[PDB]
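Note sheet for the following structure.
Lettering of chains follows the sequences in order, A, B, ..., and the numbering in each one begins at 1.
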Amino acid sequence: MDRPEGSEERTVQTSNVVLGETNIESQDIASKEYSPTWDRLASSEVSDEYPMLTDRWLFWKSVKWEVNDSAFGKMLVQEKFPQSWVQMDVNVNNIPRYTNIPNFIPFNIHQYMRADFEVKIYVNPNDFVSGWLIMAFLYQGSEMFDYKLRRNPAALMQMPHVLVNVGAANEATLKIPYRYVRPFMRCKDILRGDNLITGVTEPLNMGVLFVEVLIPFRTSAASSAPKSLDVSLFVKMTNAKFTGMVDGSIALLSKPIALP
Amino acid sequence: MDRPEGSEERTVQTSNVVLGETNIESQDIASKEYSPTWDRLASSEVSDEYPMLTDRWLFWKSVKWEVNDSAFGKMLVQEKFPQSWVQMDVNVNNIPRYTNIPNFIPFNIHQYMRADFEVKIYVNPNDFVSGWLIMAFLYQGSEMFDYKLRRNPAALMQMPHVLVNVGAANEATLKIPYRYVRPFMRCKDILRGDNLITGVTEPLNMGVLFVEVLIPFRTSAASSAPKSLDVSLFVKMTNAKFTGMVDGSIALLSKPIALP
Amino acid sequence: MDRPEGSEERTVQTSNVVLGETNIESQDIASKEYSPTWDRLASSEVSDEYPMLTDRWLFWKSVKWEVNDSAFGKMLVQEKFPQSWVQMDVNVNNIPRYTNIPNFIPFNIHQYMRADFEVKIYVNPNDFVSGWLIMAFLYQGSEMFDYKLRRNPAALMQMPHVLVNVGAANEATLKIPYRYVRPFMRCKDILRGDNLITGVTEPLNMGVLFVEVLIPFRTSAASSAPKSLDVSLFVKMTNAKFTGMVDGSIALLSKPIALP
Amino acid sequence: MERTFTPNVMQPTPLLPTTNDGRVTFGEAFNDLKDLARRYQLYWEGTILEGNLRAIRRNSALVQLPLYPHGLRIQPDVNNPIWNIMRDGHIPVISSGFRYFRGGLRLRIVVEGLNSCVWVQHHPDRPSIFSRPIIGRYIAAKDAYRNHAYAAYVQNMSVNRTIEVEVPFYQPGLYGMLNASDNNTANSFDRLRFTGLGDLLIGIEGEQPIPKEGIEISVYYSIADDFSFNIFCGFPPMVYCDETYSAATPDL
Amino acid sequence: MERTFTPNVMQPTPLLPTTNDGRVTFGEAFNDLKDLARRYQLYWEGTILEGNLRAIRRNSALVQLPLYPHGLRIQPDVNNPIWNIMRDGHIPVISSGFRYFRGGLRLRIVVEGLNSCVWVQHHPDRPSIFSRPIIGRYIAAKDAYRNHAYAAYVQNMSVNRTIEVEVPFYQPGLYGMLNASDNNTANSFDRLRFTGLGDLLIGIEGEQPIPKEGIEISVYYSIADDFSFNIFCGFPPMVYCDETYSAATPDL
Amino acid sequence: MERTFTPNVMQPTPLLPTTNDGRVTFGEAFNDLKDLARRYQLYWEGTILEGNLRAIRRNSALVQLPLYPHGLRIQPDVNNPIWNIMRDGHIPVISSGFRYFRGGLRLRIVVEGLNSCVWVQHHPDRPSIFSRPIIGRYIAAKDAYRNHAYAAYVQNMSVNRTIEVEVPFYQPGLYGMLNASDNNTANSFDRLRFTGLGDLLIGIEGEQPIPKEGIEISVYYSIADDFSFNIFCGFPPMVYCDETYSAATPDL
């Protein structure tokens, strides 16, 4: 700190949202970036795009990790992505709704959807702590026969990830291009099987986002030293396309099934 | 600190005085800068100038502000400017004298005087405190009918001012161009009225310099942590002109009347 | 610290050794640098050179200085140079041997030797201590009639030296060009006198290397604050030449006589 | 420069398109306080009865009026509803943000109830050191009667009951002080001759008696064309007009 | 990019001169895992007796074989020494590091002990949701008998006891899932039609009886030319083959 | 370079205009210590009586004088007032700041009281390992008598009582050591042949008796033209001459 103002804070703007950062980031990209071509073969209805709504950096969860619950491999976040994020606005009964968040408002009236994603992880520690986080992404991981084994931080180091050095207080961004078995994901619980058929698919489960402890959070032994630290996430969409226009209530949203 | 010497210290030289600074300043100018033209219409005697004496950065007051006397709007300094500065050398009876300070030695032999001023405020805190000062100037403020009401820091924010962030330890310079009802100020108590007339004027009262608490000085609760901080002021003159040569004792200096 | 990695660490490579530094150094050169010409007049046998062995930065001593033994002029190091360094590998009886260290392996088979030297001094303090070291060199100092008087830090300030500011944690390099009474130094104890003659010469005693306390090491009074600090030395050779090939055991190494 | 210093700007949207200070929507622009200060406002107003004047009224003055760009010190009372709830006009509010000035003022004297003649003089070398006017028999002889050689205007009420004059700046210095205090002993000279434009005296010239209701004199004023509000210092703290008469009784 | 991020490099020596992935010392290069995945390995192998088939064997199927690029879920037992100590081949090990794929597979069916004729069909629209094969009389009628219109190959053992076929990629989506779980209810659709190439059925066509030793069917497989291991996610944790049978008994 | 390192300079005034090391005010320059070292100073001085010499004086030596650029180790006593209060000359003070040298010295022997002849020899291969001279009958035979083939000069006192010689540098090495210790056993070779220019012997050649007052020999010395003070190491700590005889007795 050498100025009347503290110092210069870098700025990142998208739509009508402005994010400030002060340090050098840790970055990675889940897969090769590309422009889709086979999505046009999936739907004859024109794909609508709402960039001012979807390209907006939106605030996700805050998760609080303490010294007493910070062990190697501790999962601060284990969420189906982008399902958990898009469905983060629930009612009294933990039933999601796409009706209040402007970024998610197109999900309510469309049956099929696709986009690339970016995730920012913000931690604001003081000058006197030490620790390390790893945020990683696994494409459709929950469907793999060894999913729980891939949860170990040693395994996360090999999938696309970014690191947060609490000793440096760096921000971090993880780019996640769209890759799925189909050129579109489903927004809601539709086309389940019948008496004989079982075609069941989760809405918006492109993969699993992890946030885990690489090196446990440590603090001064002093009493008035913060033994806690909040971890905040931000998400946005790059190439958001929506198709299959429907009434917002033609299909329902179920209570989401959690991960182990 | 990354060198054998600490790091590079910026330097500012004037006459035979050299000031060192280490941080980025907070600056402001009381009014538009200009070159005077109507001062020549006031005196037919040639205006003498003593740049090596007057253009010299001179040390003013040190004022000590503590945690226990640091409240919002606390006045560390409330002084008539430049009167208080030029008259800072007093005798046993608090009577000023222009005879010892080389910068003020022209004031003793001249009746009328004019100059632009610059004020530097130096605070040297450690790395572990927090607080904020505001140094502001009010042109001929004491003569205003609402002067005491303009003393609040909320009012100071609107007059020309500079800020000192104790958390950054920045220096600060306030430029104050000469503006007065007359093209000259008086150096001493002269031409008071008589039995019928009352023409009474204070020497060198171009305005009021404030130094106030914007955000109270705070410290670690530890015992051996400094609960005090000195605030030092420096002043110099830009376009010092003097006219009306007189004997150094033809006119006397009174004990200065203080502000409320 | 503003990056995921801490920050950039400068690197210095020689042979197969790589040294890392993070701060701006303190440097000096014992005497004017030159290319030797009269060494060729001393030996008709071709002078062998082993740059990959000798030009290698080698680790010397670590010396531990504590708060309770850190007084003005305290000698952390007082060693004959380069004797003490080249002979740092001793046996059970404190007898040196040139047979294990690759940098010193040419000293075992040659009778006469010459080179320029460079010495690095590494101290890695935390952010909260204060103190100062001086590392200085005195050409053939032990042979001077006032050697012990030149041991005072006030006297060291006048000989070639470098400084280590514990408050800045800077590295430091002292270059020491070869200067001696003869164009070669002796590797071992050879050609001592006989019954009548006394021609006795110490191996490799080009001078005395000092490391002394300029300003005593000070620490926080807290219990868990390190009251100790290690000082490590590194040495290498620039123009190493060896001549006078002999069997590695034709001449013996004595137990080295220490300095007062 | 700290007063306008804006570091680390975070702006979610672009700026709002201009209307040229109202010129696009309304037919006129609003960009300068100087323009508003040229719209007349009440300076002083009072009623004068025969009892307020000298026993023998030898064409003596009715009002001794000090001239301040920042207006007079207002007295809010039951007899003065305007000053009580409207408080100070726009010009005193504008003036409060500036230290100095150098121009003239434009006045408008409205005299109702008198069938006689009114004389008006400007005394630039005699400005008052108080921020309140002096009425009738309390006016000293030196001012109570028409002085010679001063810039003046004499108007019969039979032709027009409104007098229009412009008062010039005749001060020996660089600036005139705005917002000056009446409690000033350390700088009497500044307060005496470097503050006010000089008193304006309004008197009567005739033998006609004043009606029992009295005459009313209303002086409006505004800034002249050569006037300038000069050095911007802070605004002083303000009072709110909606805190005079409450909306708890919306009609009263 | 963090996965390959190497800050503050400290390198004592220069790099080691190349051999072009072995081409200098040996006559061939080794730079791509795709090449190794094109070297055949065991997919499944079993012995079938008359008792495993339907009582009346009306040219019914012998094996219903699910087709996974990452291979079947191995069962290490006393009867299967290979899976017990060799464990999974190279292809399942390679496959474990990638999420998706889009190509075909190449098979080789070796049938020993049977003098009759063998028929082979590929059912791309009917892939199994389990990672284990179905044998003989446990195969449902819909698959136990030759279906029409499917891509097939019929081979007499008298001419050759080895069948060579290439199974194509006929899936409605972009990718097929590698390393898929058999416990999958939340995404049945993915597991049903976006995972396996479709079952391969191997049956017998003739009236010849099966010898008391039974017939043995060995299916080898490899990656086809149009195949791609697509998105590199992490490797899962591994087991070590030298921890099956110990070297404490160096010969056993 | 740390020895001359001057960071963060703060200089209130400009530099002082030059005089070219005194050449402007006085007629000469003073910029090099080498020039001062070329101004002669006392090296050694003593009185010799018949009793100090051999019983039978066979043209034997009077003084065996070691030659050091940094001078002899002084002995301050009541008989030697100079060394006691003037201490060491300028040359020993200059020499103390340098480690090495490589040149010759210029001597001046002044012999008073003797009417005979004086012989002087230089023994470059025989320099003393002590910093003190040897007198008369204490001089070993090898040096007490004139040796052959050495550079010499023989002077009759009848023609001139002052001898002027220049002693050359005849050493086998690169440098000669300045400020060498007499307590040196670990490096005897350095102290023996790489320190001093070689002894200078001053003897008498005639049968004339020495007066009862004795003869006095005064040797002055200075640096030669080919001399160099070579490597600047620190200065050693000093003593102050005004702390020998106090000013408490201003005349004594």
Side-chain angles (χ1 to χ4, degrees), chain A residues 1-25 49-60 62 100-106 118-127 168-173 230 232-238 240, chain D residues 1-34 36-37 70 92-102 174-175 177-181 187 228-240 242:
Chain A
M1 288 184 56
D2 58 329
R3 310 167 161 73
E5 81 267 40
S7 43
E8 295 311 301
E9 184 160 315
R10 188 173 68 261
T11 196
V12 171
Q13 190 173 335
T14 182
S15 188
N16 62 349
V17 174
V18 179
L19 301 182
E21 317 193 332
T22 64
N23 293 331
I24 295 176
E25 294 193 325
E49 308 188 11
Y50 313 97
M52 294 299 282
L53 296 184
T54 61
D55 213 319
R56 210 170 80 102
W57 272 118
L58 189 59
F59 163 66
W60 197 163
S62 281
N100 287 335
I101 300 176
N103 308 27
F104 304 154
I105 209 66
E118 292 187 45
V119 182
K120 278 180 176 297
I121 176 172
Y122 288 163
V123 178
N124 293 266
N126 59 31
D127 197 77
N170 66 278
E171 295 84 349
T173 308
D230 281 13
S232 298
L233 298 181
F234 286 76
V235 189
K236 75 162 191 172
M237 295 178 276
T238 291
Chain D
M1 298 304 97
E2 193 67 29
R3 270 174 295 172
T4 60
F5 184 55
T6 116
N8 294 314
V9 189
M10 299 183 82
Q11 194 174 314
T13 84
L15 292 179
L16 183 70
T18 179
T19 63
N20 291 327
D21 310 310
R23 186 155 247 143
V24 167
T25 58
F26 323 105
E28 46 192 310
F30 306 85
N31 44 42
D32 206 311
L33 297 178
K34 197 169 57 179
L36 181 50
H70 54 281
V93 170
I94 295 175
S95 307
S96 72
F98 301 94
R99 192 61 191 85
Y100 304 108
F101 81 95
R102 196 200 179 73
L174 298 177
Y175 289 122
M177 299 197 311
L178 287 178
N179 319 296
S181 171
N187 296 284
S228 67
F229 291 106
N230 271 112
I231 301 305
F232 180 77
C233 53
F235 280 115
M238 305 285 179
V239 294
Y240 268 106
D242 60 23

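Counting only distance, with no hydrogens or angles, the side chain of D:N8 and the backbone of A:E8 share no donor-acceptor pair below 3.5 Å.
A:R3 pairs by the salt bridge (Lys or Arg N to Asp or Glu O under 4.0 Å) definition with nothing, not counting sequence neighbours. For D:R3, the salt bridge (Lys or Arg N to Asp or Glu O under 4.0 Å) partners are B:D28, not counting sequence neighbours. Legend: residues meeting ring-ring contact (aromatic ring centres under 6.0 Å, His included) with D:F229, ordered by chain and number and at least two apart, are D:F98, D:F227.
When all heavy atoms of A:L19 and D:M10 are compared, the closest pair comes out as C-CE, 4.1 Å. Across A:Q13 and D:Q11, no two heavy atoms sit closer than the pair OE1-O, 3.1 Å.
For a heavy-atom cut-off of 4.5 Å, chain D lies close to no residue in residues 51-60 of chain A.
Heavy-atom distances place no part of A:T14 under 4.5 Å from chain D, backbone and side chain included.
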